[PDB]
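Right, one structure below, let's go through it.
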Amino acid sequence: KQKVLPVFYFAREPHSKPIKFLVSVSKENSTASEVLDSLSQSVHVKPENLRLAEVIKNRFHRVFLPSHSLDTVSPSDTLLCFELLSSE
């Protein structure tokens, strides 16, 4: 459940600057989304607003993947950068 990823995502906030949030989350025994859910809720937007997961290492880049075993403890691991249109 622990892997510290700060992500850089364009937040649908009051229109402050794009929001990078450090969420430490992994795919629990249920879903990969729980990490995504973290970013969106951090922005006070519905979960739908961010998903893009790209790995940093020999594993170069990617997209926000389904419940993934890559939930190991690695800080520089797959980043998301997404913008959706939504706001609460």
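Naming works like this for the structure tokens: A, B, ... for the chains as they're shown, residue 1 at the start of each chain, ligands 1 onward in shown order.
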
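Residues lying within 8 Å of residue 11 in chain A, counting only C-alpha atoms and ignoring same-chain neighbours fewer than 2 positions away, are residues 9, 13, 15, 17, 18, 19, 43, 49 and 83 of chain A.
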
Applying 7 Å and only C-alpha atoms, which residues near residue 2 in chain A remain after dropping the ones on its own chain fewer than 5 positions away? List them as a list in words. residues 24, 25, 26 and 73 of chain A

Could you state the separation of CA of residue 3 in chain A and CA of residue 52 in chain A in Å, given to one decimal place?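 Going from CA of residue 3 in chain A over to CA of residue 52 in chain A, I get 16.4 Å.
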
Selection near residue 61 in chain A, 12 Å with only C-alpha atoms, sequence-local residues under 3 positions removed, as a PyMOL selection string: chain A and resi 52-58+64-65+76-81

With N, CA and C atoms retained, could you export that selection as a short mmCIF file (atom, residue, chain, number, x, y, z; two decimals), in the first residue's frame?
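After the write, selection.cif holds the following:
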data_model
loop_
_atom_site.label_atom_id
_atom_site.label_comp_id
_atom_site.auth_asym_id
_atom_site.auth_seq_id
_atom_site.Cartn_x
_atom_site.Cartn_y
_atom_site.Cartn_z
N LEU A 52 -2.81 9.39 -15.60
CA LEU A 52 -1.84 9.02 -16.62
C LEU A 52 -0.63 8.38 -15.99
N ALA A 53 -0.33 7.10 -16.12
CA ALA A 53 0.79 6.63 -15.35
C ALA A 53 1.97 6.23 -16.21
N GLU A 54 3.08 6.93 -16.04
CA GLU A 54 4.29 6.68 -16.80
C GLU A 54 5.47 6.41 -15.90
N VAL A 55 6.09 5.28 -16.13
CA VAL A 55 7.14 4.79 -15.25
C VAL A 55 8.46 5.49 -15.53
N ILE A 56 9.21 5.81 -14.49
CA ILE A 56 10.54 6.38 -14.69
C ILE A 56 11.60 5.37 -14.26
N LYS A 57 12.40 4.94 -15.24
CA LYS A 57 13.49 3.97 -15.07
C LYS A 57 13.75 3.34 -16.43
N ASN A 58 14.29 2.12 -16.45
CA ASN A 58 14.40 1.36 -17.69
C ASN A 58 13.00 1.17 -18.29
N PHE A 64 -2.03 5.49 -17.39
CA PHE A 64 -2.56 5.00 -16.12
C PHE A 64 -3.18 3.63 -16.33
N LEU A 65 -2.50 2.65 -15.78
CA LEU A 65 -2.83 1.26 -16.01
C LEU A 65 -3.83 0.73 -14.98
N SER A 76 10.41 7.18 -7.60
CA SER A 76 10.50 7.76 -8.93
C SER A 76 9.65 6.99 -9.94
N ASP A 77 8.89 6.04 -9.43
CA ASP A 77 8.03 5.21 -10.25
C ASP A 77 6.96 6.00 -10.97
N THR A 78 6.24 5.27 -11.82
CA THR A 78 5.22 5.81 -12.70
C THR A 78 4.46 7.03 -12.17
N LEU A 79 4.65 8.13 -12.88
CA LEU A 79 4.02 9.41 -12.64
C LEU A 79 2.74 9.56 -13.41
N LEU A 80 1.80 10.33 -12.88
CA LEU A 80 0.69 10.75 -13.65
C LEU A 80 0.72 12.21 -13.87
N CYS A 81 0.35 12.54 -15.07
CA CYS A 81 0.06 13.90 -15.39
C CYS A 81 -1.24 13.96 -16.19
#

Residues within 8 Å of residue 20 in chain A, please, as a PyMOL selection string. Count only C-alpha atoms; anything in the same chain fewer than 5 positions from it doesn't count. chain A and resi 6-10

As a ChimeraX atom specification, please: every residue in chain A that DSSP puts in strand (DSSP E or B). /A:4-9,19-24,54-55,61,79

Nearest to residue 12 in chain A, chosen from A:45, A:66, A:59, A:75, with only C-alpha atoms counted in the distances: A:45

Taking the chain letters and numbering used in this document, name the residues of chain A that DSSP puts in alpha helix (DSSP H), as a PyMOL selection string. chain A and resi 33-42

Those residues with C-alpha atoms, as a PDB file, in the first residue's frame please?
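Saved file out_38.pdb follows:
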ATOM      1  CA  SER A  33      -7.287   3.453  -8.814  1.00  0.00           C
ATOM      2  CA  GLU A  34      -6.904   4.084  -5.079  1.00  0.00           C
ATOM      3  CA  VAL A  35      -3.704   5.965  -5.932  1.00  0.00           C
ATOM      4  CA  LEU A  36      -5.566   7.995  -8.579  1.00  0.00           C
ATOM      5  CA  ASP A  37      -8.378   8.589  -6.171  1.00  0.00           C
ATOM      6  CA  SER A  38      -5.819  10.190  -3.921  1.00  0.00           C
ATOM      7  CA  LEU A  39      -4.809  12.860  -6.474  1.00  0.00           C
ATOM      8  CA  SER A  40      -8.291  13.890  -7.439  1.00  0.00           C
ATOM      9  CA  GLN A  41      -9.533  14.067  -3.842  1.00  0.00           C
ATOM     10  CA  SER A  42      -6.425  16.097  -2.993  1.00  0.00           C
TER      11      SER A  42
END

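The residue that comes closest to residue 31 in chain A, out of A:68, A:62, A:44, A:51 and on the basis of only C-alpha atoms, is A:68.
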